[PDB]
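The chain that follows stands alone, in the form deposited in one PDB entry, written as structure tokens.
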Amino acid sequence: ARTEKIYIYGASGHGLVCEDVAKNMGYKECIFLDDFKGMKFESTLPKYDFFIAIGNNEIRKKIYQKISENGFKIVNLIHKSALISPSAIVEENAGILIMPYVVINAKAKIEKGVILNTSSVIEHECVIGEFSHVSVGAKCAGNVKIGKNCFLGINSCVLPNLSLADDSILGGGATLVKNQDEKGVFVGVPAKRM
């Protein structure tokens, strides 16, 4: 069962929103840890629930591994407004962030260390690979597979039944319309001055 206190590793902007979600869940105190300011992580800290509040997928993973290896429990932070199908699977105690108004539909699967950011949507039967980040307003249509460590930018989307290779980036505003077997950076067209 959840501890009264939680360690939040990452004390900048992402830490701010993780703290709001932790408070929404009923945590009474959030204690920030950070390598570059304020209080540091030490292997020797009391066993409170942990969360890794770092947006960068590669760094969140590295820090996640260090925390796990030190025997700490890395909880999921899931906003109460998130709507999760009873047949959806969200990996338990796996440092998953689920932000306000996220929807996860039937049989979708969420792997460890994932960020589902504000108002993102994961449609039925999706598979969202570990340490991926689905940003604000980003949406996966039915039966989409997102590879491990992927980043989907703000307001990006993936059409139904598509697969995105591990370690790929889908740019903010971009629409993925075909399978990508090989990793890459897939971008849309930026706003242009008239």
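Residues that one form lacks are left out of the comparison. Here the rigid core means the biggest group of C-alpha atoms that line up within 1.5 Å when the two forms are laid on top of each other. Numbering starts at 1 and runs along the sequence shown.
Coordinates for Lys28 are present in every one of the other compared entries of this protein that model residues on both sides of it, well short of the third needed to count it as often missing.
Note: missing coordinates for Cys18 occur in none of the other compared entries bracketing this position, so the one-third threshold is not reached.
As the entry records it, the average C-alpha temperature factor is higher for 40-48, out of 40-48 and 162-170. Here 115-123 and 72-80 are compared by their mean Cα B-factor, and 72-80 comes out higher. Highest CA B-factor among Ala138, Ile128, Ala141, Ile67, as stated in the entry: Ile67. When the CA B factors of the chain's modelled residues are split into thirds, the value for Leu33 lands in the middle one. In this PDB entry, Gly147 carries a Cα temperature factor that places it within the middle third of its chain's modelled residues. Among all modelled residues in its chain, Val185 ranks in the highest third by Cα B-factor. Split the chain's modelled residues into thirds by C-alpha temperature factor. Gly26 is in the highest one.
One more form of this protein exists, namely the form deposited in another entry; it is left out here, but the text below deals with it.
The one residue among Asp166, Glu29, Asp35, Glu58 whose Cα position changes by 2 Å or more between this form and the one not shown, with the core held fixed by superposition, is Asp35. Compared with the form shown here, the C-alpha atoms of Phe41 and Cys150 sit at least 3 Å farther apart in the other entry. Panel note: the distance between the CA atoms of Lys40 and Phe72 is smaller in the other entry than in this form, the difference being 3 Å or more.
In sequence order, the one region between this form and the one not shown where at least three consecutive C-alphas each move 2 angstroms or more after rigid core superposition is 35-45.
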